[PDB]
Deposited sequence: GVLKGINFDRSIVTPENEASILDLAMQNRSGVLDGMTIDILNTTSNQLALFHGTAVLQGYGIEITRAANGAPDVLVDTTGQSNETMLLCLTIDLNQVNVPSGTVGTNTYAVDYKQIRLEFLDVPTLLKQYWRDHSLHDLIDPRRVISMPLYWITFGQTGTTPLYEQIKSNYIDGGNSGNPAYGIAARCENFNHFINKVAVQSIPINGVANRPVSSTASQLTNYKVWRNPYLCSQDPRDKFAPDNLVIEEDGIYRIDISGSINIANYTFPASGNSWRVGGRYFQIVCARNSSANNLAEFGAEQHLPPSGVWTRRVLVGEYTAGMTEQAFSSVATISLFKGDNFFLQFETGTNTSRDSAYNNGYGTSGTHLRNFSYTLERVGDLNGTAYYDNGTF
């Protein structure tokens, strides 16, 4: 059965503030394929908090969602709170009509999504709120559906659920293309130097917090760009070295300028999860920030590190770029070599973390940079 832990609105408002205004599944509530048929969808036992209301699923099958008539549609399996309903106290013992497990389309879910609307809202308070758990694609009549967990709505970062690391990676090596401007691939694939003449695309360890960011879905941007899912002040840390950096040989060392920048772009709307409307940034918002700017120093390998705080908005693209001159005999930080003999990033890594919010006055005051 779908049970309420503390189902009242005042205590919910207090627990929501204690959860840092984040809602989500605390434990279990995953799909049970062994108990799922063509007319029912089974979900395992678990606990969830939705805008300060504790929801519990009580053993096989733990709970069953009626899927009769559902076919040839992609739907969202949602956990919903409806305060217009009444919890029946039969047996002085509670049915919980204020809690539902249902199927919704994307526009309906967006209109009542906890991330964008609230039961405790000041300007537009709601009586109905929902949390999406899975994308469920119902096939032809008589089949079992396919599904895709909505990881952003599952808490498992726990002590500071709305903040913390958004993305991080292990050290990696990446060949620098012979161009003026290029992105640094932050999404798990680098063009690794492997021999004196060649580099090859190689996976490296990377992790993203789906509540805070996701990989860009576009072919041109998937290796390099993150989509920011939550507004905030973020901290970006980078560290690494430039190996086989170019310079003019003493004939004094002729250094070559380069910079590593972080960048944001909000030109494309609806990149956030569910195609949600982006949050428009304040007038005069930054788009490019120098993290490291200097000249090559005449050494085989030169280290760098930088830490900055930056504002990012729901729907933004975030990326890192390496910039230098294109004349290898005069102004380029890169040389004419390939593989390990060519200029490359070595032991490069980054962490992106959400460290502050942009609510109230901070939007205009802290949000422009």
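Not built in the structure, per the record, are deposited positions 1, 9 to 14, 66 to 69, 104 to 109, 174 to 175, 271 to 275.
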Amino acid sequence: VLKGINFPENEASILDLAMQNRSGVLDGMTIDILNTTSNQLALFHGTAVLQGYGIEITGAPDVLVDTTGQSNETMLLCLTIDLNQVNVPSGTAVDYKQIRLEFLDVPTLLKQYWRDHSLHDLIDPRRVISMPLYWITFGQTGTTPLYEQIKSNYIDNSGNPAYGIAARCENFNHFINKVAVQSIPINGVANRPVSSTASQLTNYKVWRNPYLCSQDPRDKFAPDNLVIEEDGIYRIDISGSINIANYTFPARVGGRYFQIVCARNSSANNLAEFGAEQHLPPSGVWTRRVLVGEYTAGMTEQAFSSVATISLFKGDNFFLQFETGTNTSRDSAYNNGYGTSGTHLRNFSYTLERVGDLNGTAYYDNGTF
From here on, numbers count along this sequence of modelled residues.
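For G59, the record comparison shows coordinates absent in at least a third of the other entries of this protein that model its neighbours.
The mean C-alpha temperature factor is higher for 18 to 26 when 18 to 26 and 344 to 352 are set side by side.
When the mean C-alpha temperature factors of 241 to 249 and 183 to 191 are read from the deposited coordinates, 241 to 249 comes out higher. By the numbers in the PDB entry, the CA B factor is greatest at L83 among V290, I228, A222, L83.
Out of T202, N269, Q98, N265, the entry records its largest CA B-factor for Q98. In this PDB entry, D62 carries a Cα temperature factor that places it within the highest third of its chain's modelled residues. When the modelled residues of the chain are ordered by their C-alpha B factor, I310 lands in the lowest third. Per the PDB record, residue ranking by Cα B-factor puts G142 in the highest third of the chain. Split the chain's modelled residues into thirds by C-alpha temperature factor. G275 is in the middle one. Sorting the modelled residues of the chain by their CA temperature factor places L77 in the middle third.
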